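Here the structure is laid out as structure tokens; the discussion comes afterwards.
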Amino acid sequence: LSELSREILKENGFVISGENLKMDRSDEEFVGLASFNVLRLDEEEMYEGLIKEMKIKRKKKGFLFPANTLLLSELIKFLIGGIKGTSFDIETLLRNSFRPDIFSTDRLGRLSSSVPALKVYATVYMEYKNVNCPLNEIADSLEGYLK
């Protein structure tokens, strides 16, 4: 996640566990963790294992909800993995999901521009093949995703 997205999530009451690197600050006697053999472990293995357990949990009973988070996790996953989304699109989606008073007017970039383009592609494919192709259906599905 970007720094602005993390700041928006932290302002909404979310804390991201997985980056729990409290950098040892108050000068006094942290005793009770000297039982792990860290010296015989690879740093690359720990770096690979720390990324794979990144979970965002809430600490306060604010105005954010299980259903919106449950939808938004898969929406962000489909935005990054399913399509070639950018961090500005993530910030736009988070602003549209959390802050309705801020008018982020159509800052999703490539997908909104790709809405008519695949329809024109499908128009050309129908006009040159006369065989049904789901390019228009893919464009309509991602348009419904924008809806």
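PDB author numbering numbers the first residue of the sequence shown as 2461 and each following residue consecutively.
All C-beta atoms in this analysis are idealised placements derived from N, C-alpha and C, irrespective of residue type, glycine included.
Where does residue i fall in DSSP's three states?
{"i": "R2570", "result": "helix"}
{"i": "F2548", "result": "helix"}
{"i": "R2500", "result": "helix"}
{"i": "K2470", "result": "helix"}
{"i": "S2601", "result": "helix"}
{"i": "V2491", "result": "coil"}
{"i": "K2512", "result": "coil"}
{"i": "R2555", "result": "helix"}
{"i": "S2477", "result": "strand"}
{"i": "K2579", "result": "helix"}
{"i": "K2517", "result": "strand"}
{"i": "residue 2403", "result": "Past the edges of the chain, shown from 2461 to 2607, lies residue 2403, and the structure says nothing about it."}
{"i": "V2584", "result": "helix"}
{"i": "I2536", "result": "helix"}
{"i": "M2483", "result": "coil"}
Is the beta carbon of residue j closer than 8 Å to that of residue i?
{"i": "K2515", "j": "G2478", "result": "yes"}
{"i": "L2595", "j": "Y2585", "result": "yes"}
{"i": "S2486", "j": "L2554", "result": "no"}
{"i": "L2606", "j": "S2572", "result": "yes"}
{"i": "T2552", "j": "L2530", "result": "no"}
When you compare each of the options to residue i by their alpha carbons, which one comes out closest?
{"i": "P2576", "options": "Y2588, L2461, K2482, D2600", "result": "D2600"}
{"i": "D2566", "options": "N2590, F2496, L2539, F2548", "result": "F2548"}
{"i": "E2463", "options": "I2543, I2550, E2503, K2521", "result": "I2550"}
{"i": "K2517", "options": "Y2588, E2489, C2593, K2470", "result": "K2470"}
{"i": "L2532", "options": "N2556, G2522, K2544", "result": "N2556"}
{"i": "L2602", "options": "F2538, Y2507, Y2588, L2481", "result": "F2538"}
{"i": "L2461", "options": "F2496, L2499, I2511", "result": "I2511"}
Quick one: what's got a C-beta closer than 8 Å to residue i's C-beta in the same chain, skipping five residues either side?
{"i": "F2558", "result": "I2468, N2472, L2524"}
{"i": "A2494", "result": "none"}
{"i": "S2574", "result": "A2599, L2602"}
For residue i, I'd like the list of residues in its chain whose CB is within less than 6 Å of its CB, leaving aside the five on either flank, ordered along the chain.
{"i": "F2474", "result": "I2516, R2518"}
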